[PDB]
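All remarks here apply to the structure that follows.
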Amino acid sequence: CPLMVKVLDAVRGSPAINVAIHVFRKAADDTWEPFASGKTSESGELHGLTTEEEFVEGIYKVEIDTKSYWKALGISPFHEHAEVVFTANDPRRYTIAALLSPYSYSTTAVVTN
Amino acid sequence: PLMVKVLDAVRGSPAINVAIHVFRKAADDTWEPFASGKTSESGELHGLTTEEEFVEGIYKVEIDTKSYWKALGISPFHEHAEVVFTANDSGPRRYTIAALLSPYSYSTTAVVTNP
Amino acid sequence: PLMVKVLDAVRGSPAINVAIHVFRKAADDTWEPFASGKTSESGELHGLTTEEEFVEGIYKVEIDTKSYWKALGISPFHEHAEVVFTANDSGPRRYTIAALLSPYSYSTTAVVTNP
Amino acid sequence: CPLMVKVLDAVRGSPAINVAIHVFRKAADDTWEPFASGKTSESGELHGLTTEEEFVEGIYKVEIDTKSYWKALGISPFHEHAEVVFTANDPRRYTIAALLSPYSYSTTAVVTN
Ligand SMILES: [Mg+2]
Ligand SMILES: [Mg+2]
Ligand SMILES: [Mg+2]
Ligand SMILES: [Mg+2]
């Protein structure tokens, strides 16, 4: 799979498990079309979102439902979600990593061949 | 009530001349333009709104990081950094949205204080 | 010439009353005490040193994050956050050391400006 | 192995390869005794630093030679290194992750069972 998402919890020092992830692809009329989705695993990872044949160049948005995650832990969060928006560019594998705190997050792209 | 501060993690400096657009979610669920501006030489953007106009709502702060890096000769990963949050739902607050930029990474933090 | 700013990423607030110790590497390669203080209600620590006393050297800023979290009922991962850097080796500069704290994570950024 | 170190490069969006890592354990006289060391792999990871039998409770310091890494890339860095200091506490595995930029770094502990 050319696109993987990994989420960590900076409060508990753990993978962020059961986080909902939605991927969108920008359409020609500038709307966001649903592309793929899932929930992070026990390791905080979401694999299998797409395939080399499907993941063509274009602008993609990855929406990480951080609010529901913090709500399930009983911790008041700031953001509605974390969104990562990027242009896929032709070999490359994309790992979108996110590090979550209730009032802060960071995201990093690890792009490898 | 709403300030944006942007730092450059490659140079260890404010990120100057960064375009910032703020949107507010409308009743029909679309993003309406709310305010815009660009960071100063200190990397801050002040004066976007007022206590009266900054009512409860869901707000989106779009920071044009890609143009910033491209003007410095770098092709970055992200199209922009987007910060989406509910504001003032417990009464008016002061919000500082901070962003720390690298070509393939950014972080964003909110500092929320009660006037 | 040297300021330290500390933010709490759990609460979205300045990190208040954080103890900070600064050390400078001596000629015998040991860490000598240089200055200390604690963050204010704004999460900043000003006045640690002066342009005259802040000579070239290798400096270490130790931020006592563990005591901060423990006083809030949290058992954090790190003993402290340590920021080590060469200062003023191209002439005097102004340094802001920023730290962003979570129980199992922190980040630190330097903003360096030329007077 | 109970202790793993992973390093990412936020400028290139890649693992940080060939980064020197030194681990120290605090001695009874408060000095730092060398404990283990190595260099990150092509995946930015350093495995095999210690064993369950050796990695007893105590205070450990992980020193990541960020300066030499940035110098080899030709980019002027701020820090001499990144140090992560923590008390190991009894099952647990420790992953020390670091995200490097020339004037900033973050470190996170992912502690799992
Ligand atoms: Mg092309
Ligand atoms: Mg209401
Ligand atoms: Mg000299
Ligand atoms: Mg015990």
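Using the rule -39500 (n - 2.57) for each DSSP H run of four or more residues, divided by the residues of the protein assembly as shown, the 222 nm mean residue ellipticity is -1500 deg cm²/dmol. Could you pull out which residues in region B:39-71 have an amide N less than 17 Å from a spot 7 Å beyond the Cα of B:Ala19, following the Cα-Cβ vector? So the set is B:39-40, B:45, B:61-71. Remark on D:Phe35: its backbone amide H falls under 5 Å from those of D:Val23, D:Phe24, D:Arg25, a criterion applied only to residues 5 or more positions apart or on other chains, H modelled at 1.01 Å from N. Binning all Cα-Cα separations of the protein assembly as shown at 20 Å, short to long from zero, yields these whole-percent fractions: 25, 60, 15, 0.
Across peptide B:91-100, the average count of Cβ atoms from other chains found within 10 Å of a residue's Cβ is 2. Per residue of peptide A:6-16, the mean number of Cβ atoms on other chains within 10 Å of the residue Cβ is 6. Cβ-to-Cβ counts within 10 Å put D:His81, D:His47 in ascending order as D:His47, D:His81, the fewest first. Counted over all Cα-Cα pairs of chain C, pairs farther apart than 20 Å make up 39 percent.
No lab work stands behind these numbers, since they all come straight from the coordinates. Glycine also receives a Cβ, built like all others from the backbone with ideal geometry; neighbour counts cover every protein chain displayed.
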